[PDB]
Amino acid sequence: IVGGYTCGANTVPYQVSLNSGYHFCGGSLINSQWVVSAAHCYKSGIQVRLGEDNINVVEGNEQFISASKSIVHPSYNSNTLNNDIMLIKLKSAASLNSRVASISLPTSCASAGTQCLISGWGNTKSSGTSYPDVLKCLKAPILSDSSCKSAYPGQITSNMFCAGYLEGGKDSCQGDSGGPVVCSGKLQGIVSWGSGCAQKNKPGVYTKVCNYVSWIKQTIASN
Ligand SMILES: NCCc1c[nH]c2ccc(Cl)cc12
Ligand SMILES: [Ca+2]
């Protein structure tokens, strides 16, 4: 996250870190046994880390649970990042508490102008590199589909939305991939892609979770 703030330990209790020996992506806990992330985060040998603040120090609220199964959306296109969504099933159910909690799926798509919270352990610099150890937060609005299409001509599908600031300076970034965009207490987005980070007229692009609720629920019911 570029231009964000330190969330505070366990203030984003649905945030997960996907670990393959190191943090490589975020995700969101959607019930005691399932995580949603970006399909571009797919790899084998995922450990889900819940209750994290400092990903390099055991602080006491962590749950580390191996993935038993990953399900990439059947229509994920790695070239266009259309349908950039994946489900991860945990080997055992998380213990839910004030610091480890699921985030509700939306019943409705959020409108442009809606304020959202984006969070992650990604790069904090738009140029060069500095990876924070503790979770970073950004409040950003959802942008109109027209401003999103103008920023990324020919690249925005109906499964994507833009959020952030056209002036630049505040954005999700490398390592934030897969993480949550929460709006009005619902999961609305997944950190998916952009042209760099925090660049003028290049807002972040997010997977539009409200389009996937049917697929998520039916997949969870059967797996
Ligand atoms: N808002 C940008 C979000 C994003 C997701 N994965 C990335 C990889 C590299 C860079 Cl530079 C940026 C990103
Ligand atoms: Ca920790």
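The basis for the numbers below is simple: all heavy atoms, side chains too, and nothing from hydrogens, waters or symmetry mates. As the structure lists them, so they are numbered: ligands from 1, and atoms in each ligand from 1. One is the number of the first residue; the rest follow in order along the sequence.
- Ligand 1 has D171 within reach: a non-hydrogen atom of the residue lies less than 4.0 Å from it.
- Contact annotation: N61 places no N, O or S atom under 3.0 Å from the Ca ion (ligand 2).
- If you number the atoms of ligand 1 from 1 as listed, the ones under 4.0 Å from a heavy atom of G196 come out as 2 (C), 11 (Cl), 12 (C).
- Hydrophobic cluster membership differs between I220 and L90, with clusters built from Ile, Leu, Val, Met, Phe, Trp and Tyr side chains linked at under 4.5 angstrom.
- A side-chain donor-acceptor contact under 3.5 Å links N82 and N159.
- For atom 10 (C) of ligand 1, the nearest protein heavy atom (residue, atom name, distance) is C197 SG, 4.0 Å.
- Between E62 and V58, the shortest heavy-atom distance links the atoms OE2-CA, 3.3 Å.
- Each of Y165 and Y206 belongs to its own hydrophobic cluster when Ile, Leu, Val, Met, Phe, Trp and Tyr are linked at side-chain heavy-atom distances under 4.5 angstrom.
- Scanning all protein heavy atoms for the shortest distance to atom 6 (N) of ligand 1 gives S177 OG, 3.2 Å.
- If you look at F24 and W121, their ring centroids are not closer than 6.0 Å.
- Heavy atoms of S172 found under 4.0 angstrom from ligand 1 belong to the backbone as well as the side chain.
- Residue contacts to the Ca ion (ligand 2): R49 brings no N, O or S atom closer than 3.0 Å.
- The single protein non-hydrogen atom nearest to atom 9 (C) of ligand 1 is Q174 CB, 4.0 Å, given as residue, atom name and distance.
- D84 and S192 are linked by a side-chain donor-acceptor pair at a separation below 3.5 angstrom, with hydrogens and angles left out of the test.
- Shown in contact with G204 at under 4.0 Å from a heavy atom are these atoms of ligand 1, numbered in order with element: 1 (N).
- Look at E52 and the Ca ion (ligand 2): an N/O/S atom of the residue is under 3.0 Å from the metal.
- Using modelled atom types, one finds a donor on one side chain and an acceptor on the other under 3.5 Å when comparing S177 with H40.
- Distances from the Ca ion (ligand 2) to each N, O or S atom of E62 single out OE2 as the nearest.
- Within the 4.0 Å heavy-atom shell around ligand 1 one finds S192.
- Residue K91 qualifies as open at atom NZ: its count of foreign heavy atoms under 6.0 Å is 12 or below.
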